[PDB]
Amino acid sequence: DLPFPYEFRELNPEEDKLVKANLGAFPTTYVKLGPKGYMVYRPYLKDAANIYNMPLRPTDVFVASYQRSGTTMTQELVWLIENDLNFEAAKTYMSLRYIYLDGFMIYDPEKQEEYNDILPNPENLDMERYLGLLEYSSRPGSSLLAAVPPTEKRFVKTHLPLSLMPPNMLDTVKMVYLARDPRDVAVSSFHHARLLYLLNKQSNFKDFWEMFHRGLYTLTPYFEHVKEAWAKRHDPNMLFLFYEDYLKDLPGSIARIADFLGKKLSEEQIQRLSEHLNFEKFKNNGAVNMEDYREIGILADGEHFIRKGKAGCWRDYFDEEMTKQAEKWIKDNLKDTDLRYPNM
């Protein structure tokens, strides 16, 4: 089908210099993709044309976001709602209930030898499990979707911009997109990078923040990602939510999601769903916390997939100079647009 309208470019000397300083140890390298220069991992290229042209189905539900914005929460909510609050069945791994469309791009099979070198103890891994993970990461995302039979509802996870996917997809599919204060996404993302060993242990959050707001982290530029989803926010098949609202009004956001998915929830059902997403409960939920991975040996001490679950904790990481920089960056990107974060 349709030709892939995008070129890619390597990073120039300065961009390369910066990324290499913070993510250099990590074997997978980046490429800037399309006219907005979205950072993708190089393995993304083999499947770029396939995702653009992926066959979609009227029962597909997508959960989208720049990473670390509230995907996991939403996924759980959306899945339970569509599955008639069947909690019992929701106990299987998220990873097995959703397809992670663009999760594949992080691993380059040409460099299999290199990824355990990033771990403190390569000699502790569970190799049956770890090699299974590497094999799964090898299958492009488009194949995983396609694999799913038409009598099974597809639940899709993705951190992809809309312009890397079929345009007019919202003609066919429903999507919930999450956004979140960039400054908090920066901190969450920094830690997540620490979690998987994506970042050089000698780098610090400032460094990360540089890479981030300047548009040289995974799937940035940040505001372009969000701006795409914001511009389709009134489409009956699109639902634009802020992480912060989950904290302010969890009952209220649930009711919105059910309304979106064409479902009636009774006050109590929403309440039961509200208790379910309680941070401490969720955090110690085996089905959603990827603590299955820790057993494998690929998660760092200290870090966790479900971390603190608060809004505004960026003030704890940003210094005076950093705080001004962020204010000018958010100021410039919200100039001449109606996008507002309810927090600020």
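Each residue number is its position in the shown sequence, starting from 1.
task: Look over 260 to 268 and 237 to 245 in the entry and identify the one with the greater average Cα temperature factor.
output: Taking the mean C-alpha B-factor of 260 to 268 and of 237 to 245, the larger value falls to 260 to 268.
- request: In terms of CA temperature factor as recorded, identify the highest of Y136, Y217, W79, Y130.
  value: The listed residue with the largest C-alpha B-factor is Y136.
query: Taking the Cα B-factors listed in the entry, which of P149, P122, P182, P221 comes out highest?
result: So the option with the highest C-alpha B-factor is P122.
- prompt: Should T72 be placed in the lowest, middle or highest third of its chain by the C-alpha B factor in the entry?
  reply: Ranked within chain, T72 CA B lands in the lowest tercile.
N50, C-alpha B-factor rank within chain (lowest, middle or highest third): Tercile = middle for this residue's CA B-factor.
- request: Select lowest, middle or highest to describe the third in which the CA B-factor of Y177 falls within its chain in this entry.
  value: Answer is lowest: the recorded C-alpha B-factor places it there.
message: Using the temperature factors of the C-alpha atoms in this entry, rank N333 within its chain: lowest, middle or highest third.
response: Middle third of the chain for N333's C-alpha B-factor.
query: Going by what the PDB entry lists, where does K36 fall on CA B-factor within its chain: lowest, middle or highest third?
result: Lowest third.
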